[PDB]
Amino acid sequence: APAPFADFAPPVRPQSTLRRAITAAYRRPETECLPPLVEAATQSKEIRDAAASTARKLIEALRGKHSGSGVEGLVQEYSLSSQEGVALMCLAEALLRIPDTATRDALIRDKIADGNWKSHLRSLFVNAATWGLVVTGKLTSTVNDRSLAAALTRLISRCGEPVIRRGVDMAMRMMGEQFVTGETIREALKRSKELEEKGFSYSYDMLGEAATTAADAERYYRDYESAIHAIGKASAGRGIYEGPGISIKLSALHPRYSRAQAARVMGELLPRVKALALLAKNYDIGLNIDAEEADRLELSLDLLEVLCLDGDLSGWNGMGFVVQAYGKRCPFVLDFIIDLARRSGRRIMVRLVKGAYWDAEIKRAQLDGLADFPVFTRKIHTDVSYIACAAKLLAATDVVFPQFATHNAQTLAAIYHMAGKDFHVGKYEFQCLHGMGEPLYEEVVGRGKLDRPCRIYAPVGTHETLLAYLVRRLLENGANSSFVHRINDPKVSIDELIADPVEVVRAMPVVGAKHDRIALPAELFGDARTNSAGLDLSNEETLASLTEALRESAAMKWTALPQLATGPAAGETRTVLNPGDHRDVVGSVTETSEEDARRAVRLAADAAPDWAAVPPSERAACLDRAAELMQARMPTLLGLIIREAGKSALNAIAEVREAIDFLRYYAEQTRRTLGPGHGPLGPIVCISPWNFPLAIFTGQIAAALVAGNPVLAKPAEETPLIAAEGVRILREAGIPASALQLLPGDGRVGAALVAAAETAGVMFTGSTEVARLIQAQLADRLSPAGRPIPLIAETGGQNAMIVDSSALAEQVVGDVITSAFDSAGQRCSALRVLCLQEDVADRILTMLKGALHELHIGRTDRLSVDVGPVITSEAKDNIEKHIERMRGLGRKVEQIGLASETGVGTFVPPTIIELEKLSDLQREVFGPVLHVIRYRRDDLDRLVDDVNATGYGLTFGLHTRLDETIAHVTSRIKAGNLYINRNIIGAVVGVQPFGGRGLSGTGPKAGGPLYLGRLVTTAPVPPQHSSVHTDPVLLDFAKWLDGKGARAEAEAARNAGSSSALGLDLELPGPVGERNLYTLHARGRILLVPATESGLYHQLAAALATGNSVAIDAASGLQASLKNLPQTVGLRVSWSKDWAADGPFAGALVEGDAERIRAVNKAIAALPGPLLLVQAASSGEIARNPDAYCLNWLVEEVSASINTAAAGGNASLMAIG
Ligand SMILES: Cc1cc2c(cc1C)N(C1SCCS1)c1c([nH]c(=O)[nH]c1=O)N2C[C@H](O)[C@H](O)[C@H](O)COP(=O)(O)OP(=O)(O)OC[C@H]1O[C@@H](n2cnc3c(N)ncnc32)[C@H](O)[C@@H]1O
Ligand SMILES: NC(=O)c1ccc[n+]([C@@H]2O[C@H](COP(=O)([O-])OP(=O)(O)OC[C@H]3O[C@@H](n4cnc5c(N)ncnc54)[C@H](O)[C@@H]3O)[C@@H](O)[C@H]2O)c1
Ligand SMILES: [Mg+2]
């Protein structure tokens, strides 16, 4: 049995002094990075004046030959709107997908020009975001396909065949010549002859998406290999400086190119790069390694080092490497490379770029809660960094070959004068991108200009593959701070364009201050609360420190005991085993006797007044202190969660962050709301599941405590140790022992707590079937006030994702693999049913199966493990029985093969099952099992019906670029957490308030603003909780009441209409590149069980004011109280004799004395299907209390999280950059 964490994340090699200096700079504060860059970038006054003069001459030439774009002349010639221009280019793109030119021309003449375009040509507008950038210069994340369809019809009906022909020829000139150098390497080489004669050189990239499968990585390998042959044949001995070279993207060559998979990278990716480099060496051409995301930088250095020390590659100086000046590590990376060049004797070609992933890096750091960004946040800082790094490179031209890749004439001029008068080919060069640098560099290359060479980066590929690259270039070019956008902006003077960033930064008040409008990850929520902090598992210092803390955590004698108010109690003790290796004993749990569980509730009841008397702000202060303790203890908490619950390090980090966020969110919500009149319920039993053994455990308890209730905490039997540690932390934070008792044990302990006479409320997260048993036990109970015992029951899901033909396969596959198999599918939010539009199903399924087989399953104390075990042998057996049933029915089953080492634990391999119908599934299967169904586009609405028809309603995902499909699907789906163009396992506290409907939950949502109000006897008004909209059926009913003479009830009805928050529509603060929306809708059909006429009118007013329909108990005998209803109200009203036949309901309102309420509550608990949130009142309470029925629980919360960067970039962030 291997020692825990003994092999957690060893680095590829011992970190040299130079490597450690890189890692140290990873997230260095921006104010600390800039001063040394300003110093290194400083030049003499004479040089600065000379550089400004050169820059002005270049810009004057650039603006002096600036002709209008072809698209702009087309828009002008035919008086096209922007949407017409975009629609025309989409049409042209489709028409160019027809190979036979005469067949295309006949389709244009005979069919398209005659208006009938929808008939003959997957949406025509799938790529309209790209063409929108071309036409408008602005990126819209989704496509308004109805606006585009209208615009296309309008323009064809107005201008006919001529505009179509012009659009086709315009698109042809762009896709085949402007953005790409050629569709094949041979075509690109043909097109390169013209500028090579004018003094340019080339570097070709067979660019595309990163590999998601082995097969795709192999395809990119053979594409690169064939291109090296073609380039080397064409080079014909010109060498690495005067002749062409290739650029490669390491992520194209292996599907798991990451620090977490460093061993596979060195074992599998490195030999492939070596083989390509050997071929480049034989032809004597350049081979440049492109730079990608910040978390791949240092990993790529390990490949660079091995390759440069490999004697088989000696004699060749063509190996090249990109470094990104927007990165805080850039000068230290250059120090490392220059030293490696010296050690190896290889003159490394160093391509200095500013950086292509800026908006993505901002979003990633925010999502991950990291200390700071790995890139600068002011564009001028990147410019200073670039010039400072150029100075370092120009001092080392004997050992490296600097390649200054930029389109900025000011940057260029500064380096041109920095480099001085001595020049020879091979000393350094400039570089640019095909189709955007030639205007500038035709003023540079050649003895009649500056006589400095330029290498053109030449993308090669079909139009299909060119889209992702094209979006980035156009988004970049239209960016607020972009040199290209500013040189085209007539309100920007040449004086502004030639301003020296070094001197501008030097004179700022705080040199290197972060951008004012970009929040550090800790500050995402501003004054409301401090964001939890994560850990960077790409940082070697973090990994080394975490390795030690994790090992230390495994040496601790973790215990869980019954912690009663009076002290620990004795009980039956057993060991807690690691689910991934039962030989690894994690701790010991002493479980609670049923006698002591009953005793604990009595102790809580006796302690309830004292805890209630602690002022809410001081209760909140306890939660904030517990959050601080959990943050500081995160590494140790990670280690415990990893071994006790079978979680990977990434999942444990997220788990502890979520616990911290719950604590701080409920503390702040308390400070915003709770006062003396919001009395506690009393002892609350918190029963929690194994699968989020710290986060959900902490969230329920924290909310109950801060609302003023003493808590009986009953953790899942599988995961008591982290629970006991959470209670220990809460007690250390100031929660009295009498206010928080821990009762380890199985469901019998949970049941003993639920049944205890003094139990005043139950918070349950777990399976629907156990929730139903708790509901039944509570159905014969009332509070001392004669009201139902509140139950929050958050239960299972059958979560779907719908994918149409507009979605990007690689994005879908990544989000599907994550959503379905993260934590071995043991998230309530996990993706269970993937729904693929028929036309793209085969391609996505092939990619999905390929990506499945790249997952590493094993004991989770290794960074390289993606998917851990399932929690128990019983869970394993349940899951495997489901798989074998499906397989026995003839369904296609794909499974990863497991390693022999999994035999010591309980593992289920990630599994894909192809279903015929959604009805093949009957219940949640809580494991790593993805089901796949296919649908025809016209059946989308029926498919949404089928998804809703399971009765669940927890998480739901949609991948589409099309606004009509977003509006359709999101309006018809009935689930609590929606996710657009991203994974569906997001539950960020206060950002995606989490919780569903139907079989998935009662609500209110955890991590949302209605939660605390369920835990007090009188609910406060939550922050931002109001709506100016009034339900119109409510209004009709209030008028009907006035017509019947029920004047008091009509007034109460109008008041409910105003008090209702139905229609609340908020955007919640969160990370950039995401829109997080929170809305209040009707719940559905509410069961009304009235006793009196006035009671019925009040119940109906409450239900209608919150948008609901109703089924009224026919046994009430009150049918004559609703004569002559307006049709609008009658449509919402049904009469029910057999309640179980007329459901499912979404809540209930009951009127009666205590024995009537108890009887009705028992009948309601017996109804099939969802647990119903029941509110009850006496006739007298209805007369006395306008809030007898609380409208908070008659609406349904919906969270929607939209990935607005999904089209390829963040438009709003580029507009402030
Ligand atoms: C010419 C070339 C370029 C590249 C490659 C090869 C060649 C030959 N390869 C390639 S491999 C696949 C992609 S291309 C390559 C690239 N990129 C990459 O990462 N890896 C790679 O391998 N590029 C793209 C460059 O990094 C860069 O985006 C552009 O050249 C634009 O910069 P500029 O001309 O200096 O304009 P500029 O003066 O307007 O500056 C724009 C830049 O400033 C930065 N910026 C903008 N806003 C900022 C803010 N608020 N805070 C801080 N910084 C900000 C950001 O980097 C932005 O791109
Ligand atoms: N909606 C959400 O937010 C959410 C979140 C996480 C998990 N879940 C659901 O939780 C389930 C998996 O977690 P689990 O396996 O621990 O759930 P579970 O129902 O098996 O047990 C949950 C808790 O109930 C207790 N329990 C069992 N029987 C009981 C009884 N008769 N009376 C009182 N308590 C009893 C258990 O000891 C445990 O503490 C899944 O269905 C998952 O979807 C829902
Ligand atoms: Mg269970």
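When reading the values below, keep in mind they use all heavy atoms of this one structure, side chains included, and skip hydrogens, waters and symmetry mates. Each ligand, and each atom within it, is numbered from 1 in the order the structure gives. Quick note: residue numbers are just sequence positions, from 1.
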side-chain hydrogen bond (donor to acceptor under 3.5 Å, both in side chains) assessment of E429 paired with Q403: CA-CA 5 Å; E429 64 183 16; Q403 300 169 302; 3.1 Å; yes
Assess the residue pair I362 and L1213 against the criterion (side chain to side chain contact (heavy atoms under 4.5 Å, CB included)); give the C-alpha distance rounded to whole Å, side-chain angles, the decisive distance to 0.1 Å, and a yes or no. CA-CA 9 Å; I362 303 305; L1213 197 56; 3.9 Å; yes
Show, in sequence, the C-alpha distance, side-chain angles and deciding distance for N408 and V484, and conclude whether the side chain to side chain contact (heavy atoms under 4.5 Å, CB included) test is met. CA-CA 8 Å; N408 182 317; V484 171; over 6 Å; no
Should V323 and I337 be marked as a side chain to side chain contact (heavy atoms under 4.5 Å, CB included) after you check the CA-CA gap, both sets of side-chain angles, and the distance that decides it? CA-CA 10 Å; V323 305; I337 294 174; 3.6 Å; yes
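Atom CZ in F321 sits 8.5 Å away from atom CG in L303 (nearest 0.5 Å). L694 contributes atom CG, which lies 4.5 Å from atom CD1 of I722 (distance to the nearest 0.5 angstrom).
Here's the thing with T765: none of its N/O atoms is less than 3.5 angstrom from an N/O atom of ligand 2.
The two residues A830 and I984 come nearest to each other via the heavy atoms C-CD1, 4.2 Å.
The immediate protein surroundings of ligand 1, defined as residues with any heavy atom under 4.0 Å of it, consist of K249, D290, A291, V322, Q324, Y326, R351, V353, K354, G355, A356, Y357, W358, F376, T377, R378, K379, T382, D383, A405, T406, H407, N408, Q431, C432, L433, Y457, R473, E476, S481, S482, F483, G1217.
For atom 28 (N) of ligand 2, the candidate residues are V770, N977, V754, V925; the nearest heavy-atom contact is made by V770. Of the candidates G766, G1001, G1007, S767, the one placing a heavy atom closest to atom 19 (O) of ligand 2 is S767. Comparing heavy-atom distances from atom 1 (N) of ligand 2 across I792, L999, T795 singles out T795 as nearest.
Of all atoms in ligand 2, listed by their number and element, those nearer than 4.0 Å to a heavy atom of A751 are 32 (N), 33 (C). Counting the atoms of ligand 2 from 1 in the order shown, those under 4.0 Å from a heavy atom of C828 are 2 (C), 3 (O), 4 (C), 5 (C), 6 (C), 7 (C), 8 (N), 42 (C), 43 (O), 44 (C). Shown in contact with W690 at under 4.0 Å from a heavy atom are these atoms of ligand 2, numbered in order with element: 14 (P), 15 (O), 16 (O). Atoms of ligand 2 found under 4.0 Å from any heavy atom of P689, numbered from 1 in the order shown, are 13 (O), 14 (P), 16 (O). Shown in contact with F994 at under 4.0 Å from a heavy atom are these atoms of ligand 2, numbered in order with element: 2 (C), 3 (O). For ligand 2, the atoms sitting less than 4.0 Å from at least one non-hydrogen atom of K714 are 36 (C), 37 (O), 39 (O), numbered in the order shown with element in parentheses. Per-residue contacts place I696 under 4.0 angstrom from the following atoms of ligand 2 (heavy atoms of the residue considered): 5 (C), 6 (C). Within ligand 2, counting atoms from 1 as listed, the ones closer than 4.0 Å to a heavy atom of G747 are 26 (N), 27 (C), 28 (N), 29 (C), 30 (C), 32 (N), 33 (C), 34 (N), 35 (C), 37 (O).
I985 is listed as a side-chain neighbour of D822, based on a closest heavy-atom distance under 4.5 Å.
Classified by interplanar angle (parallel below 30°, tilted 30° to 60°, perpendicular above 60°), the ring pair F430/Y441 is tilted.
Within the 4.0 Å heavy-atom criterion, the part of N691 lying near ligand 2 is the side chain and not the backbone. Only the backbone of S688 comes within 4.0 Å of ligand 2, counting heavy atoms alone; no side-chain atom from C-beta on gets that close. Contacts with ligand 2 closer than 4.0 Å are made by side-chain heavy atoms of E924 only, the backbone lying farther away. When heavy-atom distances to ligand 2 are checked against a 4.0 Å cut-off, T768 has no atom that comes that close, whether in backbone or side chain.
Under a cutoff of 6.0 Å and an axis angle of 45°, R473 and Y469 form a cation-pi pair. Judged by the 6.0 Å distance and 45° axis criteria, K354 is not positioned over the aromatic ring of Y326.
Inspection of the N799 and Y952 side chains reveals no N or O donor paired with an N or O acceptor under 3.5 Å.
Between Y204 and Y202, the ring center distance clears the sub-6.0 Å criterion.
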